[PDB]
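What's in entry-v1.cif: mmCIF, C-alpha atoms and all ligand atoms
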data_query
loop_
_atom_site.label_atom_id
_atom_site.label_comp_id
_atom_site.auth_asym_id
_atom_site.auth_seq_id
_atom_site.Cartn_x
_atom_site.Cartn_y
_atom_site.Cartn_z
CA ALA A 5 0.00 0.00 0.00
CA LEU A 6 2.36 2.72 -1.27
CA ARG A 7 0.94 6.16 -2.12
CA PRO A 8 2.23 9.65 -3.00
CA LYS A 9 4.33 11.33 -0.34
CA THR A 10 4.86 14.89 -1.65
CA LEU A 11 2.15 17.43 -2.43
CA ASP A 12 3.63 17.25 -5.92
CA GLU A 13 3.25 13.49 -6.42
CA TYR A 14 -0.45 13.90 -5.55
CA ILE A 15 -2.47 13.28 -8.73
CA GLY A 16 -5.15 15.98 -8.78
CA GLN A 17 -6.91 18.80 -6.96
CA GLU A 18 -4.58 21.49 -8.34
CA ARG A 19 -6.46 24.51 -6.96
CA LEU A 20 -6.34 22.76 -3.61
CA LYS A 21 -2.68 21.82 -3.83
CA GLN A 22 -1.80 25.43 -4.66
CA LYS A 23 -4.09 26.72 -1.93
CA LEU A 24 -2.42 24.26 0.45
CA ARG A 25 1.08 25.07 -0.77
CA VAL A 26 0.37 28.66 0.17
CA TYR A 27 -0.67 27.73 3.69
CA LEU A 28 2.24 25.33 4.18
CA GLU A 29 5.36 27.13 2.99
CA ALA A 30 4.02 30.33 4.52
CA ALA A 31 3.87 28.27 7.71
CA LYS A 32 7.04 26.22 7.35
CA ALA A 33 8.58 29.68 7.36
CA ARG A 34 6.20 31.22 9.88
CA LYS A 35 5.71 28.20 12.10
CA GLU A 36 4.62 24.56 12.14
CA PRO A 37 1.28 25.56 13.63
CA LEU A 38 -0.68 24.89 10.44
CA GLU A 39 -4.17 26.21 11.12
CA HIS A 40 -6.95 23.76 11.65
CA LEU A 41 -7.73 22.75 8.07
CA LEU A 42 -11.14 21.32 7.15
CA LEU A 43 -11.47 19.48 3.87
CA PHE A 44 -14.97 19.26 2.39
CA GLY A 45 -15.45 16.68 -0.33
CA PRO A 46 -18.19 15.08 -2.41
CA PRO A 47 -19.23 11.76 -0.95
CA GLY A 48 -16.69 9.04 -1.59
CA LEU A 49 -13.58 11.15 -2.06
CA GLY A 50 -10.14 10.13 -0.80
CA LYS A 51 -9.01 12.77 1.70
CA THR A 52 -6.72 10.73 3.94
CA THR A 53 -3.96 10.51 1.33
CA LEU A 54 -3.86 14.25 0.97
CA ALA A 55 -3.56 14.40 4.76
CA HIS A 56 -0.57 12.13 4.68
CA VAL A 57 0.87 14.55 2.16
CA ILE A 58 -0.01 17.73 4.06
CA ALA A 59 1.66 15.86 6.88
CA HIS A 60 4.73 14.86 4.92
CA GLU A 61 5.06 18.35 3.48
CA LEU A 62 4.93 19.92 6.94
CA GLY A 63 7.35 17.19 7.96
CA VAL A 64 5.40 15.89 10.98
CA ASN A 65 3.51 12.79 12.09
CA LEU A 66 -0.06 11.96 11.23
CA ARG A 67 -2.54 10.26 13.55
CA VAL A 68 -5.51 9.20 11.36
CA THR A 69 -8.97 8.44 12.81
CA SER A 70 -12.66 8.40 11.89
CA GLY A 71 -15.51 10.32 13.44
CA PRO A 72 -17.05 7.06 14.61
CA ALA A 73 -13.68 5.72 15.67
CA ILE A 74 -13.65 8.35 18.45
CA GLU A 75 -15.91 6.16 20.68
CA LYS A 76 -15.64 8.03 23.99
CA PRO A 77 -13.92 11.23 25.04
CA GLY A 78 -11.15 9.20 26.60
CA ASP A 79 -10.06 8.06 23.15
CA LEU A 80 -9.80 11.66 21.97
CA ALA A 81 -7.94 12.76 25.08
CA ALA A 82 -5.64 9.77 25.05
CA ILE A 83 -4.67 10.78 21.50
CA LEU A 84 -4.19 14.48 21.81
CA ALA A 85 -2.46 14.09 25.17
CA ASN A 86 -0.18 11.14 24.42
CA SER A 87 0.06 9.91 20.83
CA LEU A 88 0.65 13.54 19.72
CA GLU A 89 3.66 15.75 20.12
CA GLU A 90 3.72 19.41 19.11
CA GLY A 91 3.22 19.97 15.41
CA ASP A 92 1.62 16.66 14.60
CA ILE A 93 -1.63 16.17 12.72
CA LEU A 94 -4.73 14.49 14.15
CA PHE A 95 -6.90 13.60 11.18
CA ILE A 96 -10.56 13.23 12.19
CA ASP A 97 -12.06 11.87 8.96
CA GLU A 98 -15.89 11.96 8.69
CA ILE A 99 -15.62 14.58 11.45
CA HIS A 100 -19.28 15.40 10.92
CA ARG A 101 -20.23 12.35 12.97
CA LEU A 102 -18.51 12.63 16.33
CA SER A 103 -19.85 11.82 19.78
CA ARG A 104 -21.84 14.76 21.17
CA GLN A 105 -19.34 14.79 24.02
CA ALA A 106 -16.32 13.80 22.00
CA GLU A 107 -17.06 16.89 19.94
CA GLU A 108 -17.47 19.10 23.00
CA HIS A 109 -13.95 17.99 23.92
CA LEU A 110 -12.50 18.78 20.51
CA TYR A 111 -13.62 22.40 20.84
CA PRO A 112 -11.27 23.34 23.72
CA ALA A 113 -8.32 21.38 22.35
CA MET A 114 -8.63 23.02 18.94
CA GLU A 115 -9.10 26.48 20.41
CA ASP A 116 -6.72 26.77 23.35
CA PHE A 117 -4.95 23.39 23.44
CA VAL A 118 -6.36 22.35 26.79
CA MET A 119 -8.94 19.60 27.35
CA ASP A 120 -10.75 18.84 30.61
CA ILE A 121 -11.63 15.30 31.64
CA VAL A 122 -13.96 13.37 33.95
CA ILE A 123 -11.58 11.27 36.05
CA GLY A 124 -13.03 8.34 38.01
CA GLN A 125 -16.67 7.20 38.24
CA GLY A 126 -19.78 8.25 40.16
CA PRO A 127 -20.00 11.04 42.77
CA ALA A 128 -16.69 9.75 44.12
CA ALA A 129 -14.87 11.23 41.11
CA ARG A 130 -13.53 14.62 40.06
CA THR A 131 -12.42 16.50 36.94
CA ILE A 132 -8.89 17.22 35.68
CA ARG A 133 -7.57 19.62 33.06
CA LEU A 134 -4.99 18.13 30.63
CA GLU A 135 -2.79 20.63 28.74
CA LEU A 136 -2.26 19.72 25.06
CA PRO A 137 0.78 20.49 22.82
CA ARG A 138 0.23 22.51 19.67
CA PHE A 139 -1.06 20.20 16.95
CA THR A 140 -3.04 20.85 13.84
CA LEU A 141 -6.30 19.05 13.27
CA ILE A 142 -7.51 18.21 9.78
CA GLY A 143 -11.19 17.46 9.57
CA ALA A 144 -12.65 15.78 6.48
CA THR A 145 -16.31 15.52 5.48
CA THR A 146 -18.49 13.59 3.11
CA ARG A 147 -21.42 15.81 4.18
CA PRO A 148 -19.82 19.28 3.90
CA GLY A 149 -23.28 20.39 4.98
CA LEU A 150 -23.18 22.90 7.83
CA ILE A 151 -24.12 19.57 9.36
CA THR A 152 -20.97 20.70 11.21
CA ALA A 153 -22.28 23.13 13.91
CA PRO A 154 -19.94 25.78 15.41
CA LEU A 155 -17.14 23.21 15.29
CA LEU A 156 -16.72 24.97 11.94
CA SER A 157 -15.90 28.19 13.73
CA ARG A 158 -12.69 26.70 15.14
CA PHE A 159 -11.17 26.00 11.75
CA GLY A 160 -8.44 27.89 9.97
CA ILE A 161 -8.38 26.59 6.43
CA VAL A 162 -11.54 25.28 4.86
CA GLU A 163 -11.22 23.92 1.35
CA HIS A 164 -13.16 21.64 -1.00
CA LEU A 165 -12.14 18.81 -3.33
CA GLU A 166 -13.72 18.39 -6.76
CA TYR A 167 -14.13 15.10 -8.49
CA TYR A 168 -11.15 13.82 -10.48
CA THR A 169 -11.02 14.21 -14.25
CA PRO A 170 -11.04 10.89 -16.14
CA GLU A 171 -7.46 11.75 -17.10
CA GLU A 172 -6.44 12.46 -13.53
CA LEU A 173 -8.02 9.10 -12.76
CA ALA A 174 -6.31 7.32 -15.62
CA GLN A 175 -3.04 9.04 -14.69
CA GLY A 176 -3.74 7.39 -11.37
CA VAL A 177 -5.02 4.08 -12.71
CA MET A 178 -1.86 3.76 -14.77
CA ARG A 179 0.46 5.26 -12.16
CA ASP A 180 -1.03 2.96 -9.53
CA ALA A 181 -1.24 0.08 -12.01
CA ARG A 182 2.11 -0.24 -13.79
CA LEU A 183 4.09 0.10 -10.57
CA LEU A 184 1.80 -2.53 -9.10
CA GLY A 185 2.67 -5.41 -11.41
CA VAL A 186 0.32 -5.00 -14.36
CA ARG A 187 0.88 -3.13 -17.65
CA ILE A 188 -1.84 -1.27 -19.58
CA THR A 189 -1.89 1.36 -22.36
CA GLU A 190 -3.07 4.82 -21.38
CA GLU A 191 -6.08 4.63 -23.69
CA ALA A 192 -7.06 1.55 -21.73
CA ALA A 193 -6.66 3.12 -18.31
CA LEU A 194 -8.30 6.34 -19.48
CA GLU A 195 -11.21 4.27 -20.74
CA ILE A 196 -11.52 2.99 -17.16
CA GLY A 197 -11.18 6.52 -15.87
CA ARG A 198 -14.07 7.76 -17.96
CA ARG A 199 -16.02 4.74 -16.73
CA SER A 200 -15.10 5.50 -13.12
CA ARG A 201 -17.04 8.23 -11.29
CA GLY A 202 -14.82 11.20 -10.62
CA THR A 203 -13.76 9.04 -7.76
CA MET A 204 -10.18 7.85 -7.48
CA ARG A 205 -11.38 5.35 -4.95
CA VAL A 206 -13.65 3.81 -7.60
CA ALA A 207 -11.12 4.39 -10.38
CA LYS A 208 -8.65 1.93 -8.92
CA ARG A 209 -11.48 -0.23 -7.53
CA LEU A 210 -12.82 -0.73 -11.07
CA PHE A 211 -9.46 -1.28 -12.66
CA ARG A 212 -9.34 -4.18 -10.22
CA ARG A 213 -12.24 -5.91 -11.99
CA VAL A 214 -10.51 -5.31 -15.31
CA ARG A 215 -6.94 -6.46 -14.60
CA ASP A 216 -8.60 -9.48 -13.00
CA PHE A 217 -10.60 -10.42 -16.07
CA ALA A 218 -8.49 -9.82 -19.15
CA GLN A 219 -4.86 -10.47 -18.19
CA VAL A 220 -5.84 -14.03 -17.25
CA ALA A 221 -4.94 -15.49 -20.62
CA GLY A 222 -2.85 -12.83 -22.38
CA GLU A 223 -0.64 -11.27 -19.73
CA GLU A 224 1.73 -8.54 -20.92
CA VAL A 225 -0.81 -6.05 -22.28
CA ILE A 226 -4.18 -4.45 -21.70
CA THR A 227 -5.31 -2.24 -24.57
CA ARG A 228 -8.56 -0.30 -24.78
CA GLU A 229 -10.22 -3.19 -26.59
CA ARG A 230 -8.93 -5.51 -23.86
CA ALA A 231 -10.19 -3.22 -21.09
CA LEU A 232 -13.27 -2.46 -23.14
CA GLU A 233 -14.17 -6.13 -23.40
CA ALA A 234 -13.58 -6.25 -19.66
CA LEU A 235 -15.68 -3.25 -18.69
CA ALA A 236 -18.14 -4.50 -21.29
CA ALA A 237 -18.42 -7.97 -19.80
CA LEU A 238 -18.68 -6.41 -16.34
CA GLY A 239 -21.72 -4.33 -17.26
CA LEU A 240 -20.32 -0.82 -17.58
CA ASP A 241 -21.75 1.64 -20.07
CA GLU A 242 -19.62 4.54 -21.39
CA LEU A 243 -21.63 6.47 -18.83
CA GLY A 244 -20.24 4.62 -15.84
CA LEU A 245 -23.55 3.04 -14.89
CA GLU A 246 -23.31 -0.40 -13.35
CA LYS A 247 -25.62 -3.19 -14.58
CA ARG A 248 -28.06 -2.57 -11.74
CA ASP A 249 -28.17 1.23 -12.16
CA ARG A 250 -29.36 0.61 -15.68
CA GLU A 251 -32.06 -1.73 -14.44
CA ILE A 252 -33.27 0.86 -11.99
CA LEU A 253 -33.88 3.36 -14.79
CA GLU A 254 -35.18 0.42 -16.84
CA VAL A 255 -37.87 -0.37 -14.28
CA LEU A 256 -38.55 3.27 -13.68
CA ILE A 257 -39.08 3.81 -17.41
CA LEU A 258 -41.05 0.66 -18.07
CA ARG A 259 -42.60 -0.52 -14.83
CA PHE A 260 -43.91 2.88 -13.77
CA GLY A 261 -43.54 4.63 -17.09
CA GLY A 262 -41.10 6.99 -15.42
CA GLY A 263 -44.00 9.07 -14.13
CA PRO A 264 -43.64 10.04 -10.42
CA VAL A 265 -43.01 6.81 -8.53
CA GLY A 266 -42.01 7.17 -4.94
CA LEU A 267 -38.92 5.53 -3.53
CA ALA A 268 -41.41 3.48 -1.61
CA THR A 269 -42.91 1.21 -4.25
CA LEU A 270 -39.86 1.62 -6.52
CA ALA A 271 -37.49 -0.10 -4.15
CA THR A 272 -40.31 -2.56 -3.38
CA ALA A 273 -41.14 -3.61 -6.96
CA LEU A 274 -37.53 -2.96 -8.00
CA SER A 275 -36.96 -5.64 -5.40
CA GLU A 276 -34.35 -3.78 -3.34
CA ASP A 277 -33.80 -1.81 -0.14
CA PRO A 278 -35.19 1.78 -0.38
CA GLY A 279 -32.25 3.10 1.56
CA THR A 280 -29.92 1.06 -0.67
CA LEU A 281 -31.64 2.38 -3.74
CA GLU A 282 -31.74 5.96 -2.41
CA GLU A 283 -28.33 5.87 -0.73
CA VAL A 284 -26.29 3.86 -3.17
CA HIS A 285 -27.56 3.99 -6.69
CA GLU A 286 -29.74 7.07 -6.98
CA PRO A 287 -26.83 9.43 -6.30
CA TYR A 288 -24.71 8.91 -9.41
CA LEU A 289 -27.97 8.57 -11.30
CA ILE A 290 -29.12 12.02 -10.26
CA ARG A 291 -25.62 13.38 -10.78
CA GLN A 292 -25.60 11.90 -14.31
CA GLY A 293 -28.96 13.53 -14.90
CA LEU A 294 -30.82 10.28 -15.38
CA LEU A 295 -32.94 10.25 -12.27
CA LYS A 296 -34.74 13.09 -10.53
CA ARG A 297 -36.44 13.27 -7.10
CA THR A 298 -39.73 15.13 -7.01
CA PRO A 299 -42.48 15.77 -4.48
CA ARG A 300 -44.50 13.42 -6.63
CA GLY A 301 -41.94 10.63 -6.70
CA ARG A 302 -38.91 9.28 -8.52
CA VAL A 303 -38.78 10.04 -12.22
CA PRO A 304 -36.37 9.45 -15.11
CA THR A 305 -34.74 12.23 -17.11
CA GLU A 306 -35.23 12.34 -20.87
CA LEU A 307 -31.56 11.44 -21.02
CA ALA A 308 -32.55 8.26 -19.17
CA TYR A 309 -34.92 7.21 -21.90
CA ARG A 310 -32.42 8.40 -24.44
CA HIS A 311 -29.65 6.42 -22.74
CA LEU A 312 -31.53 3.16 -22.41
CA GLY A 313 -32.11 3.57 -26.13
CA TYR A 314 -35.75 4.61 -25.90
CA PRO A 315 -37.72 7.41 -27.51
CA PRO A 316 -37.68 10.27 -25.04
CA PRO A 317 -41.47 10.55 -24.50
CA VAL A 318 -43.63 13.31 -26.03
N1 LIG B 401 -4.15 12.00 -5.40
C1 LIG B 401 -3.96 10.67 -5.53
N2 LIG B 401 -3.00 10.21 -6.42
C2 LIG B 401 -2.79 8.88 -6.58
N3 LIG B 401 -3.46 7.88 -5.91
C3 LIG B 401 -4.43 8.36 -5.01
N4 LIG B 401 -5.27 7.65 -4.18
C4 LIG B 401 -6.02 8.55 -3.51
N5 LIG B 401 -5.74 9.78 -3.81
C5 LIG B 401 -4.73 9.70 -4.76
MG MG B 402 -9.72 6.55 6.95
#

Take the structure I supplied and represent it as structure tokens, if you would.
Ligand SMILES: Nc1ncnc2[nH]cnc12
Ligand SMILES: [Mg+2]
Amino acid sequence: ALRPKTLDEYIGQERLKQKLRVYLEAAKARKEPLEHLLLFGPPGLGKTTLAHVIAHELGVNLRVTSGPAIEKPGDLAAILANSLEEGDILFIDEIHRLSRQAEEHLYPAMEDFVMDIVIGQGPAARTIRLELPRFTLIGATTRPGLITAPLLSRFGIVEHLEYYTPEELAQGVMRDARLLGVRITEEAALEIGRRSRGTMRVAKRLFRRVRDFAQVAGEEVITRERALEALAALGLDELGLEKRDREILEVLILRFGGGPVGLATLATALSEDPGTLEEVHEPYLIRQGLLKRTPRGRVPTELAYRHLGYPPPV
């Protein structure tokens, strides 16, 4: 599991890299106290890596953790007070979902580098105040939504990440590929990029179902056609839709004629979990302008009909 170290080797997010570069160098010169950065990112976008970079650039250690991971305040304290020495980075991924209390503890630490703590148990216990070193916290979010209360207030830098361009993805599919033990023409990779979903995570995660299908017989090469056959066999349209996605529109279009449906009976008749439907497939579908949510129910874009090779109605 080797990944880019330098902010340079990082494939993508130029505006962000520049914006970061500014905050770093300015701080490597000013001081290692990099303000409390907060990366916002569309759902499913690799932020950790960048954190390792931001960490490597600053030349400090990185303690990665999820929002859920922080189970009790203790865990947060035990990290800021021990694991971390001045200048290090505590990465609270998915920071939007922290423990009500765990959060309340992050406030102080982020603001004045001092966290209190409920020592002992019952009425036979007291409260101590632990002084924390100067560290920088990087919070990442899948739900940029202000679904981050005034915890937002205590942040220095607050940037966003855009999806990755098919090329950036390919550049990554190939960069990650070749060095990994498989060889594939750029056209091939880039045909996987396009198929991916702006997500690097998915980019490499798809390539995995390609390099596992084609190079089984013929080994030394994967050309577009090769990859193509692969993607093809796997059920991937030039639009990135997985076999199922298609079917969803399919049913929408045919079963309910596309007319307002209602996640309710769609998931039901579509024989699937509403949440699954709504939480897993619908997204990309809406983003690709194929599906649309309306007060009346789920409906399919013209483009849907036009994609599934139908006559966009009336
Ligand atoms: N920026 C990036 N470059 C290469 N591989 C990555 N994996 C996740 N983010 C990446
Ligand atoms: Mg993580």

Practice problem: Using all atoms listed in the file, find all polymer residues with an atom at most 12 Å away from the point (-41.2, 1.8, -18.9); report them as a PyMOL selection string. | Solution: chain A and resi 251-263+265+303-304+308-309+312-317

What are the closest atom pairs, with distances in Å to one decimal, for all residues of chain A lying within 7 Å of ligand LIG 401 (chain B)? Consider only C-alpha atoms and all ligand atoms, order rows by chain and residue number, and present the result as JSON lines.
{"residue": "A:7", "atom": "CA", "partner": "B:LIG401", "partner_atom": "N3", "distance": 6.1}
{"residue": "A:8", "atom": "CA", "partner": "B:LIG401", "partner_atom": "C2", "distance": 6.2}
{"residue": "A:14", "atom": "CA", "partner": "B:LIG401", "partner_atom": "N1", "distance": 4.2}
{"residue": "A:15", "atom": "CA", "partner": "B:LIG401", "partner_atom": "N2", "distance": 3.9}
{"residue": "A:16", "atom": "CA", "partner": "B:LIG401", "partner_atom": "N1", "distance": 5.3}
{"residue": "A:50", "atom": "CA", "partner": "B:LIG401", "partner_atom": "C4", "distance": 5.2}
{"residue": "A:53", "atom": "CA", "partner": "B:LIG401", "partner_atom": "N5", "distance": 5.5}
{"residue": "A:54", "atom": "CA", "partner": "B:LIG401", "partner_atom": "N1", "distance": 6.8}
{"residue": "A:176", "atom": "CA", "partner": "B:LIG401", "partner_atom": "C2", "distance": 5.1}
{"residue": "A:180", "atom": "CA", "partner": "B:LIG401", "partner_atom": "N3", "distance": 6.6}
{"residue": "A:204", "atom": "CA", "partner": "B:LIG401", "partner_atom": "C4", "distance": 5.8}
{"residue": "A:205", "atom": "CA", "partner": "B:LIG401", "partner_atom": "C4", "distance": 6.4}

Self-check item: Coordinates-based distance that separates atom CA of residue 140 of chain A from atom CA of residue 84 of chain A (Å, one decimal)
Solution: 10.3 Å

Quiz item: Quick one, how far is atom CA of residue 287 of chain A from atom CA of residue 20 of chain A?
Solution: 24.6 Å

Quiz item: ligand MG 402 (chain B): which residues are within 7 Å, counting all atoms listed in the file, as JSON, numbers by chain?
Solution: {"A": [52, 68, 69, 70, 97]}

Quiz item: So what do you get for atom CA of residue 203 of chain A versus atom CA of residue 298 of chain A, distance-wise?
Solution: 26.7 Å

Quiz prompt | Test item: residues at most 12 Å from residue 171 of chain A, all atoms listed in the file, excluding those fewer than 2 positions along its chain, as JSON, numbers by chain | solution = {"A": [15, 16, 167, 168, 169, 173, 174, 175, 176, 177, 178, 179, 190, 191, 192, 193, 194, 195, 196, 197, 198, 199, 200, 201, 202, 203, 204, 207]}

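Compared by their closest atoms to residue 245 of chain A, and using all atoms listed in the file, the residues A:289, A:307, A:267, A:99 rank with A:289 nearest.
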
Quiz prompt | Shortest interatomic distance to residue 232 of chain A - which of A:80, A:102, A:274, A:214, counting all atoms listed in the file | solution =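 Of A:80, A:102, A:274, A:214, the one nearest residue 232 of chain A, counting all atoms listed in the file, is A:214.
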
Quiz item: Any idea what's packed within 12 Å of residue 141 of chain A, counting all atoms listed in the file, ignoring anything in its chain fewer than 5 positions away? Could you give it as a ChimeraX atom specification?
Solution: /A:37-43,55,58-59,65-69,80,83-84,88,90-97,99,110-111,113-115,117,155,158-162

Quiz item: Of the residues A:48, A:36, A:209, A:310, which is the one nearest to residue 139 of chain A, using only C-alpha atoms?
Solution: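 That would be A:36, the residue with the smallest distance to residue 139 of chain A.
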
Quiz prompt | Pick from A:109, A:182, A:9, A:291 nearest to residue 82 of chain A, counting only C-alpha atoms | solution = A:109

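Closest approach to residue 22 of chain A from the set A:112, A:187, A:297, A:163 is made by A:163, with distances taken over only C-alpha atoms.
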
Exercise. Pick out the residues sitting within 10 Å of residue 85 of chain A, and hand them over as number ranges by chain; count only C-alpha atoms, and ignore anything fewer than 4 positions along from it in its own chain.
Key: A: 79-81, 89, 113, 117-119, 134-137

Quiz prompt | Residues within 12 Å of residue 164 of chain A, all atoms listed in the file, excluding chain neighbours under 5 positions, as a list in words | solution = residues 17, 18, 19, 20, 21, 23, 24, 41, 42, 43, 44, 45, 46, 47, 49, 50, 51, 143, 144, 145, 146, 147, 148 and 149 of chain A

Atoms added to segment 63-78 of chain A (N, CA, C and O atoms), reported as a short mmCIF file (atom, residue, chain, number, x, y, z; two decimals), in the coordinates of the input:
data_model
loop_
_atom_site.label_atom_id
_atom_site.label_comp_id
_atom_site.auth_asym_id
_atom_site.auth_seq_id
_atom_site.Cartn_x
_atom_site.Cartn_y
_atom_site.Cartn_z
N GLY A 63 6.31 17.95 7.30
CA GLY A 63 7.35 17.19 7.96
C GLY A 63 7.00 16.91 9.42
O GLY A 63 7.74 17.30 10.33
N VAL A 64 5.86 16.26 9.64
CA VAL A 64 5.40 15.89 10.98
C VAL A 64 4.68 14.55 10.90
O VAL A 64 4.55 13.96 9.82
N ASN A 65 4.21 14.06 12.05
CA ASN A 65 3.51 12.79 12.09
C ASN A 65 2.02 12.98 11.90
O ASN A 65 1.49 14.07 12.14
N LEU A 66 1.36 11.91 11.49
CA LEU A 66 -0.06 11.96 11.23
C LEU A 66 -0.82 10.85 11.93
O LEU A 66 -0.62 9.67 11.64
N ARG A 67 -1.72 11.22 12.83
CA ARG A 67 -2.54 10.26 13.55
C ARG A 67 -3.93 10.28 12.91
O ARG A 67 -4.73 11.18 13.17
N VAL A 68 -4.22 9.30 12.05
CA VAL A 68 -5.51 9.20 11.36
C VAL A 68 -6.61 8.54 12.20
O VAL A 68 -6.34 7.61 12.95
N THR A 69 -7.86 8.99 12.04
CA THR A 69 -8.97 8.44 12.81
C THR A 69 -10.30 8.85 12.20
O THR A 69 -10.39 9.86 11.53
N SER A 70 -11.35 8.06 12.43
CA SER A 70 -12.66 8.40 11.89
C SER A 70 -13.47 9.20 12.90
O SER A 70 -13.01 9.47 14.00
N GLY A 71 -14.67 9.59 12.52
CA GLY A 71 -15.51 10.32 13.44
C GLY A 71 -16.11 9.30 14.37
O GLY A 71 -16.27 9.52 15.57
N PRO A 72 -16.46 8.14 13.83
CA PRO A 72 -17.05 7.06 14.61
C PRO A 72 -15.97 6.53 15.52
O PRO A 72 -16.17 6.41 16.72
N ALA A 73 -14.82 6.24 14.93
CA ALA A 73 -13.68 5.72 15.67
C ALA A 73 -13.56 6.34 17.07
O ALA A 73 -13.33 5.63 18.05
N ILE A 74 -13.71 7.66 17.16
CA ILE A 74 -13.65 8.35 18.45
C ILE A 74 -14.89 7.87 19.20
O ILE A 74 -15.94 8.51 19.11
N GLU A 75 -14.78 6.76 19.94
CA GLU A 75 -15.91 6.16 20.68
C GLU A 75 -16.33 6.88 21.97
O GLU A 75 -17.51 7.02 22.25
N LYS A 76 -15.36 7.32 22.75
CA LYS A 76 -15.64 8.03 23.99
C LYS A 76 -14.63 9.14 24.05
O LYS A 76 -13.63 9.12 23.34
N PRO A 77 -14.86 10.11 24.93
CA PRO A 77 -13.92 11.23 25.04
C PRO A 77 -12.51 10.72 25.32
O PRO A 77 -11.54 11.18 24.72
N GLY A 78 -12.43 9.77 26.25
CA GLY A 78 -11.15 9.20 26.60
C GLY A 78 -10.29 9.07 25.36
O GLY A 78 -9.24 9.69 25.25
#
